[PDB]
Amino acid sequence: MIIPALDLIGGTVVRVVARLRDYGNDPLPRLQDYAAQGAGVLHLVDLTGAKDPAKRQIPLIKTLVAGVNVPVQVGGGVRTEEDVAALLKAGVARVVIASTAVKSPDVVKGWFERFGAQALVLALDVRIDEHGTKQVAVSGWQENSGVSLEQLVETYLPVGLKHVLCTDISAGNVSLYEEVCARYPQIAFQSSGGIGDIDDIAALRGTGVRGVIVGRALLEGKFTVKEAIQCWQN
């Protein structure tokens, strides 16, 4: 499926380029129109909460989830068990765990045990290094942490990992997704980044990728969610 995405900071829809462009304070109508076009899942990044978990945009997130009829996965500053629980209580379908999944795997394994694998998405940034290894990093501006995508996935398979979001931070690579999806067919991989036009979606068909996250291309009016879904399903 196509997974339309918004980044939110203080109620504002923004485009990440780190440069930020204002696309207005209307996230709910935007999300509603994404769902209206057939989206089965939506993705939100709470950039305010990522900067300071104390300022997690829970009231806004509550409104947004209430305002659509499809599950929303939400990330941004998910550091503690309490963070996960707060988002779920707000009505979020899945909590996106990013840096903490790299930093404290034994702790996050406990979260799988408490919340269940259907409630959690592990978001991993990947750099392909000179050797061709898929190196995990916690962000685009930090060095690699010294664990491969495969090694980290295999860390969480024993607690029933089901959802992994993989962003290539090294138009959009296809080989990356083909490889990992084939190796772990019991995991539903999502791809993020590199979607600049409709042909980029077509390119990911047949790779085995389950979900294609699309953010900026929808904001920039390159194509619609309906067109993305039509291309994805054909």
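Residue numbers here begin at 1 and follow the sequence given.
Unmodelled residues of the deposited sequence between neighbouring positions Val17 and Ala18 number 4 to 9. Counting the unmodelled positions of the deposited sequence between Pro59 and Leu60 gives zero.
Higher mean CA temperature factor between 207 to 215 and 19 to 27: 19 to 27, per the PDB entry.
Higher mean CA temperature factor between 124 to 132 and 69 to 77: 124 to 132, per the PDB entry. Note on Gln37, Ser191, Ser170, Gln186: the highest value goes to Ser170, judged by CA B factor as recorded. Annotation for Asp46: C-alpha temperature factor in the middle third relative to the rest of the modelled chain, per the entry. Among the modelled residues of the chain, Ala182 sits in the middle third by CA temperature factor in this PDB entry. When the modelled residues of the chain are ordered by their C-alpha B factor, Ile198 lands in the highest third. Ranked by Cα temperature factor within the chain, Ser104 sits in the lowest third according to the deposited record. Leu165: CA B factor in the lowest third of modelled residues in this chain (values from the PDB entry).
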